[PDB]
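Start counting the sequence shown at 1; every next residue gets the next number (PDB author numbering).
All C-beta atoms in this analysis are idealised placements derived from N, C-alpha and C, irrespective of residue type, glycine included.
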Amino acid sequence: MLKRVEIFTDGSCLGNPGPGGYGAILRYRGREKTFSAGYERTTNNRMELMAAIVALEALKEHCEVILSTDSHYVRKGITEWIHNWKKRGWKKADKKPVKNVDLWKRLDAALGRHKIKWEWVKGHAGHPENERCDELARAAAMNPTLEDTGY
């Protein structure tokens, strides 16, 4: 049996664009590791991606990951858009790079390192870990310390 890990994420900004943060919880054998950081200026969607990136990258080895997140953007990106972005060389109609290509590629790179099983959440209600990520993200966004160089 391969290591089984649970990851919960959430990201948000105060206004959009605006100060933002991400919150993620990694659970393995009952133990829960928390991750959070705030940026001076970014977007809601970039933070949603960042939360998943940071948590996944913390895995030092290949695992079976159960990712739980509430994000229409990430869901649409992973389940539909991404297949077309790759087919089109990550370039949009104006012949410029797809938005957030930097984070999308970083996330794809992280995803490919494990066996992922996405669980799309519709409202944090009934999902305590995700609510915790939401508060973790908001707390970081209110006390930023990083710059989103990619933004």
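Item to complete: Quick one: grab the DSSP three-state call for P128.
Response: Counted from its first residue, the sequence shown places residue 128 at position 128. Of the three classes helix, strand and coil, the one that applies to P128 here is helix, per DSSP.
Fill in: Anticipated Cβ contact below 8 Å, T69 with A52, distance rounded
Here residue 69 refers to the residue found at position 69 when the sequence shown is read from its first residue. Here residue 52 refers to the residue found at position 52 when the sequence shown is read from its first residue. Yes, they are in contact, since the Cβ atoms of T69 and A52 sit about 7 Å apart, within 8 Å.
Worksheet item: Which of helix, strand or coil does DSSP assign to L146?
Response: In the sequence shown, counting from the first residue as 1, residue 146 sits at position 146. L146: strand per DSSP, three-state reduction.
Discussion item. Quick check: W118 and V98, are their CB atoms within less than 7 Å of each other?
Written reply: The count along the sequence shown starts at 1 and reaches residue 118 at position 118. The count along the sequence shown starts at 1 and reaches residue 98 at position 98. It is not a contact, given that the beta carbons lie outside the stated cut-off.
Worksheet item: What residues are listed by DSSP as bridge partners for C13?
Response: Reading the sequence shown from its first residue, position 13 is the one you call residue 13. Per DSSP, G20.
Worksheet item: Would a C-beta distance cut-off of 7 Å place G38 and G21 closer than the cut-off?
Response: Taking the first residue of the sequence shown as position 1, residue 38 is located at position 38. Taking the first residue of the sequence shown as position 1, residue 21 is located at position 21. Yes, Cβ-Cβ distance for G38 and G21 is below 7 Å.
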